[PDB]
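The lines below spell out each chain.
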Amino acid sequence: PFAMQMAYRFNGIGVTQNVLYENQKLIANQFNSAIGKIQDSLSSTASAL
Amino acid sequence: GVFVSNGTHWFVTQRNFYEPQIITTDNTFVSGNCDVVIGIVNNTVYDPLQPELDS
Amino acid sequence: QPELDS
Ligand SMILES: *[C@@H]1O[C@H](CO)[C@@H](O[C@@H]2O[C@H](CO)[C@@H](O)[C@H](O)[C@H]2NC(C)=O)[C@H](O)[C@H]1NC(C)=O
Ligand SMILES: *[C@@H]1O[C@H](CO)[C@@H](O[C@@H]2O[C@H](CO)[C@@H](O)[C@H](O)[C@H]2NC(C)=O)[C@H](O)[C@H]1NC(C)=O
Ligand SMILES: *[C@@H]1O[C@H](CO)[C@@H](O)[C@H](O)[C@H]1NC(C)=O
């Protein structure tokens, strides 16, 4: 499952895996907003390519 | 490791090899209560100290 | 600390 994979990936950077399970919806919201900001600041005329 | 289940009983294994064991308080740690984890499961956590030690 | 008491 995806949440268990992300919890194991928090162990690699030195955070215990209960920090993901206790903050799962906040982390999902921050990811879903960061992808949208990537899409916004790419869709406009900021030629980063 | 991870928690697994053979259909009825719950074990704990390592991630890269199947080697199940009995869930005690030496394979686990405790942080919080059971109303914030999405997908929690009722089971028994065995204690390796009380049933052998009385005196 | 207290839990060896019988
Ligand atoms: C799931 O694991 C449990 C734990 O080993 C199995 O229970 C054992 O079943 C055997 C039958 O072959 C008995 O001799 C043991 O005494 C049982 N152990 C305990 C602690 O009850 C159970 O059979 C497994 N289930 C499946 C479907 O494999
Ligand atoms: C897991 O265990 C808890 C603790 O017994 C269960 O919570 C109880 O559930 C019953 C039935 O819904 C309620 O009548 C009790 O008031 C609950 N007690 C507490 C302290 O929450 C929970 O339902 C169990 N979950 C499963 C899937 O078995
Ligand atoms: C996991 O998915 C099933 C359907 O595939 C769903 O019924 C269940 O509620 C899901 N588990 C959780 C904890 O939401």
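Basis of the calculations
- The scheme used for residues numbers each chain from 1 in its written sequence order. That scheme is not guaranteed to match the entry numbering, and residues without coordinates are omitted from view.
- The lettering of chains begins at A and the numbering of ligands begins at 1, in the order of writing.
- Every figure given here refers to the displayed chains, which form just one part of a larger assembly.
- Side-chain numbers here rest on the full set of heavy atoms in the structure, without hydrogens or water.
- The criterion for strand pairing is that DSSP finds at least two bridges linking the strands in question.
- Comment: elements are numbered from the N terminus, with helices defined as DSSP H or I runs of at least four residues and strands as E runs of at least two.
- The contact rule is simple, with two residues in contact once any of their heavy atoms fall within 4.5 Å.
- Summed over both partners, the accessible area lost on bringing two parts together, with a 1.4 Å probe, is the buried area.
- Salt bridges are defined by distance alone: a side-chain nitrogen of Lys or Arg within 4 Å of a carboxyl oxygen of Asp or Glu.
- Any pair of N or O atoms that falls within 3.5 Å is considered a polar contact. Within protein, one atom must be able to donate a hydrogen and the other to accept it, and sequence-neighbouring residues count only if both atoms are side-chain atoms.
- Polar here means any residue outside two lists: the nonpolar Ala, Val, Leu, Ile, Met, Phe, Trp, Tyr, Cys and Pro, and the charged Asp, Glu, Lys and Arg; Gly therefore counts as polar.

Structure determination for this entry, per the PDB record, employed cryo-EM and reached 3.1 Å resolution.

Right, let's talk about the pairing of strand 1 (residues 2-5) of chain B for a bit. All names here are of chain B. Where strand 1 lies against strand 2 (residues 10-13), four bridges are found, and the strand directions are antiparallel. What sits directly across from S5, in strand 2, is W10. Hairpin connection, strand 1 to strand 2: the antiparallel pair is bridged by four residues, and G7 has positive phi, about 125 degrees.

Counting residues at the interface gives six residues for chain A, matched by eight residues for chain B. Both sides together, the interface formed by chain A and chain B hides about 660 Å², and carbon and sulfur atoms give 63% of it. Run the count over chain A and chain B and you get zero salt bridges. If you look at where chain A meets chain B, you find zero residue pairs in polar contact. For the side of chain A that touches chain B, the secondary-structure elements that each account for two or more residues are helix 1 (2-12) and helix 2 (18-21) of chain A. For the side of chain A that touches chain B, the residue count by class is three nonpolar, two polar and one charged.

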